[PDB]
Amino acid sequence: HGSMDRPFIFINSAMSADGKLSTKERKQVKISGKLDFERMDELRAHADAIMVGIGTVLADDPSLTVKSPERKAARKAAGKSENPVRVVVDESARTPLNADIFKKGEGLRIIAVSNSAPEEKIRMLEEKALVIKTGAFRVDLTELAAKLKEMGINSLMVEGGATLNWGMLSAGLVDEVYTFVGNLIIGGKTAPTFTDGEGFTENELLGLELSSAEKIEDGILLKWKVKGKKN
């Protein structure tokens, strides 16, 4: 609520015991069971916005809607859209026009693109969404986060992918990290992990503090507070 130039930002992901979001072929798998799904749906309902990378949209085509009719009703009754604002970090404006983000649910859609993105594709996405241009080739996530706060977003749920999570963590933007660790091994050197991208060197490691650990169904939910550069 106070003296930031960005929303409160938290990452929520389900991952395998070896730290994967999906297989080497980037196919989505069952990690969460129902109770973790239920908790995720409650977090979505209390967030002002959900943010996802373009990679996740192309692979999984998620709607990013709140599922429970009652959570939707409650948000509406309190004067909010049924769904929080849905944000795609999409450098080259590749978000498909028939994506499920656009088919399902009421609410504001934002596509954050780079200044290099082809103008013809931006124009097409402007029919269905607000398009924010920032950064040259990589989307400037610090700038994007400023613009979201400025428009009223105070709670921003980052729903993955490996690249986005790296973007947000390496720019210093994340307050907290929630990992539901499921009861499986996925494997694979090229399988997306909870944090990919460039990676930190030994001197720029990001410190965390364990806030809680709670067994849920067949896995365990770990919650971490982000502290900043250890060095």
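The first residue of the shown sequence is 1; numbering continues from there.
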Practice problem: Going by the average Cα B-factor in the PDB entry, point out whether 106 to 114 or 119 to 127 comes out higher. | Solution: 119 to 127
Exercise. Between 27 to 35 and 191 to 199, point out the one with the higher average CA B-factor as the PDB entry records it.
Key: 27 to 35
Quiz prompt | Residue, from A93, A145, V85, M151, that the PDB entry assigns the highest Cα B-factor | solution = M151
Quiz item: In the PDB entry, which of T179, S68, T56, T163 has its C-alpha at the highest B-factor?
Solution: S68
Quiz item: Relative to the other modelled residues in the chain, which third contains the C-alpha temperature factor of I216: lowest, middle or highest?
Solution: highest
Exercise. Name the third of the chain's ranked CA B-factors that contains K133, choosing lowest, middle or highest.
Key: middle
Quiz item: Taking the C-alpha B-factors as the PDB entry records them, is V52 in the lowest, middle or highest third of its chain?
Solution: lowest
Practice problem: Would you mind ranking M157 by its C-alpha B-factor against the rest of the chain and naming the third, lowest, middle or highest? | Solution: lowest
Quiz prompt | Where the record places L97 (Cα B-factor, split into thirds across the chain) | solution = highest
